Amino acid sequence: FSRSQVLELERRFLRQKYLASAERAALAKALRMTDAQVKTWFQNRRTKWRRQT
């Protein structure tokens, strides 16, 4: 993803570690991503979070 896309995903993750289905769809539209891309990103980000804390 672009630098900006990643930063915006990180901004949301800091606030909410899990999103609802509707929230992922809204964020996908806002960040120019597919719903599945947002879902996968957050799964992988949670794995990083678990590893690092």
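The first residue of the shown sequence is 1; numbering continues from there.
Sort the chain's modelled residues by C-alpha temperature factor and residue 37 lands in the lowest third, per the entry. Looking at the C-alpha B-factors along this chain, the one for residue 44 belongs to the middle third.
In this PDB entry, the Cα temperature factor of residue 29 sits in the top third of its chain's modelled residues, the highest group. In the deposited entry, the Cα temperature factor of residue 19 places it in the lowest third of its chain's modelled residues.
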